[PDB]
Every structure is written in structure tokens, then in C-alpha cells.
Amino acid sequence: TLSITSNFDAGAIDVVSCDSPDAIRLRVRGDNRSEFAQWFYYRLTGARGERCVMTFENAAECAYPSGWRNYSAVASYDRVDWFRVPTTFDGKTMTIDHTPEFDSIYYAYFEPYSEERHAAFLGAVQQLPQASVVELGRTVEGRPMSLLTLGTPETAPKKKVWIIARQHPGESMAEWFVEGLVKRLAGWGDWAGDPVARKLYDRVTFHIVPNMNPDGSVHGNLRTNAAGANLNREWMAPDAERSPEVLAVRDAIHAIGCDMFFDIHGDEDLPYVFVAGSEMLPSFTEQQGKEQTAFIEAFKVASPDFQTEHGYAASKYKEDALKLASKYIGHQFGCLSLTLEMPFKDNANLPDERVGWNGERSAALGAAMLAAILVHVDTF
């Protein structure tokens, strides 16, 4: 007897039919208070050594159907080690065809990043002499909005570098990226002995929000918070009831100041790591151009995964572009301001059939970007 369950952190699925392994019928559940549908995460038990054919009947009705083109789902026996599994898409339905090796398995859209993991990581990070953690406010559902500051005393004002992640809760790659970056700043693991963090603290103070959408995350949402708001459309006029997550963070950025800004996302459609810059802003000066180009050049050197060939086609500027964090910040502060995008699929330039794009590659990217930040501040 097969059983599909989803009542856990970030769980999401609607089961249509589940009584023959070769005829499992499913629907992407969708965001809790929004029409956007794309994230899925479920547990399947009772299928050891049985070929499971799991068809997502509403695949074409999802937020980004091209997200299913050349895409493989991820799976795990224990929530620790994740791997890609055989998946096909015909523009109408999506099907995972996989034979579980053990009694209990999970399938998901991307390697998850749980609330527990967040709490364990921040609970350890706060113990570093250079760390502090401040609760800026509460989410819709009373979860903390936590700001991690990493820095040493100013004896000359240090540059304020802001990194926010996971405004879109299903983009768990964003929190993995922050974890890799923070681990390097901590001098943990293989980062012990590395001089980049030390040099950085002489020039820069970091202000980091690892999870911009705690509620959306646990809800199994892709794009919205628990009230149905797209947080990355709330930056020009956030609300205490609808978008307290942005209200609290935007207030802190204004109070604290900002010299460099990075908004960390994942992209459904494109199999590339890329940035969206501020060049479309009418406020984009020659010096800003010089600075953005030079950071991008440094990031290309720091990380072979990062590239500029592929990305969003930069359409004409419209006033509502300021609803997006990196544009709002770019316009308001006149500083280096970027959206960074990681793929749900793989990096097509450097594919990995076993894992595609994942937690470890996202984290390596975050650690690499630190080295580009250092190069950058040492130049400007």
C-alpha cells in the first residue's frame, strides 16, 4: 500500500490518485493565499523496489511552465542527501519515473532549507565575537524577522554591505547561498586559514537576512508570504498587515545605511547563474556603470558558475520597477545594487547529471561572491 504525505516543513502536494505505483496522479498544490503554483514537496512510502510513475496533471497551469522544460525533480531518503531523478515534460503534464531503493522517500522541486536548519545555523553563528542577531519584527504568523550583522569595531566609517535572501519562499537556493557565504565569514570548515573574511572586516560591515519569508517557506509556497503578498513587489509601499517582512527590513536599511546591496533569488526558467543590475534606472550614473561593470568582472573571476551571456532581456524602464528591492535600493541609495539569480534546473554551462544545481553549489557561489566583494572594495 502506497502512501503520500505532506504535513511537514515546506510540504506541498494534492494527491489525485495513489493506489497503483505505475499510475500515481498528483497536482501542484499552490501558494496558500495566492494563485501562484510551482513548489512541491512530498513523502512517498511503501514503494521500495517498485517503479513509480508520478504525473503532475496541472503542470501547464503552474506559474512558470517553462520551468518544467529540461528539468529533473530532486529526491532524498533522509532530507540530508538529495539527488536528481528521471523526469519528463510535454508542455501539458510532468512525470517523475523513479524506483525508490528504500521504504520512505521524498520528492521536491529543489533541495529544501528548513526552519530547523535556519535556527541551528543562526544559533551557532550568533556566538562568533563579530556577530550579532537582532529581531527586526514579526512575520504575519509571528515568526522572527532576523538580521545577522557581521563586523568588527570602527576606529573611518566602514561600508555597509546588505545581503537579503528568499523573499520568494520556494527559492531555497537563496538561503543555501547565504549559508556558504556566512560560513566563510565565520572561518569555519575549510575556510579556517583563508584571509578573505579578515581583510573584509577591516573595510566592511555585513547586514544579512538569511530568510526574508519565514512563513511562506514553511507553508510550501513558491512566490508569496502567508497573506498572499509577493514580497519583491512591496518595496515602494510595504504594509504592516500584508507585508510586515518588507516593512521591517526596509526600515532597518534606511536606519542603518547601504553601500552595496544584493537580493538573492532563484529563477525557474533559465539554467544559468546571472545578475540583474540597475542599468535600466534613470538615476544610473557613469560612476555607477563603472562600478557595476567592475563588480561583475570580479565576480566572473571569483566564480566560473557566474556568467553574463544569458539573463533577463532588459526591457524598457517603467516606474513600477521600483517595487523590486534591488531597483528600489539602487534608486534610493545610488549604490551598487544587484539581484542575483540561481537556477532550479542546473548550470547548463557546467551541468551535473547527479545533482543539477543544489545546496552545495549555491553555498560555494556565496563563498565565491565574498572574494569578489573584497576585490571590489579594494578597488573602489
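Residue numbers run from 1 along the displayed sequence.
K.L.:
How big is the unmodelled gap, if any, between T155 and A156 relative to the deposited sequence? Choose none, 1 to 3, 4 to 9, or 10 or more.
P.N.:
The entry leaves 1 to 3 residues without coordinates here.
K.L.:
May I ask you to compare 179-187 and 238-246 by their mean CA B factor in the entry and name the higher one?
P.N.:
Looking at the record's C-alpha B-factors, the answer is 238-246.
K.L.:
Regarding 258-266 and 213-221, which shows the higher C-alpha temperature factor on average in the entry?
P.N.:
Between 213-221 and 258-266, it is 258-266 that shows the higher mean C-alpha B-factor.
K.L.:
Taking the Cα B-factors listed in the entry, which of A294, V273, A120, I105 comes out highest?
P.N.:
That would be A294, according to the entry.
K.L.:
Taking the values straight from the PDB record, which of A364, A12, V15, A23 has the highest C-alpha temperature factor?
P.N.:
So the option with the highest C-alpha B-factor is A23.
K.L.:
If you rank the chain by CA B-factor, which third does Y42 end up in: lowest, middle or highest?
P.N.:
As the PDB entry reports it, the C-alpha B-factor of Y42 lands in the lowest third of its chain.
K.L.:
Where does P169 sit by CA temperature factor within its chain: lowest, middle or highest third?
P.N.:
Lowest third of the chain for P169's C-alpha B-factor.
K.L.:
Could you say whether, by C-alpha temperature factor, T149 belongs to the lowest, middle or highest third of its chain?
P.N.:
Middle third.
K.L.:
According to the PDB entry, is the CA B factor of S3 in the bottom, middle or top third of its chain, that is, lowest, middle or highest?
P.N.:
Middle third, going by the recorded CA B-factors of the chain.
K.L.:
Which third, lowest, middle or highest, does the CA B-factor of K160 fall in along this chain?
P.N.:
For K160, the deposited C-alpha B-factor lands in the highest third.
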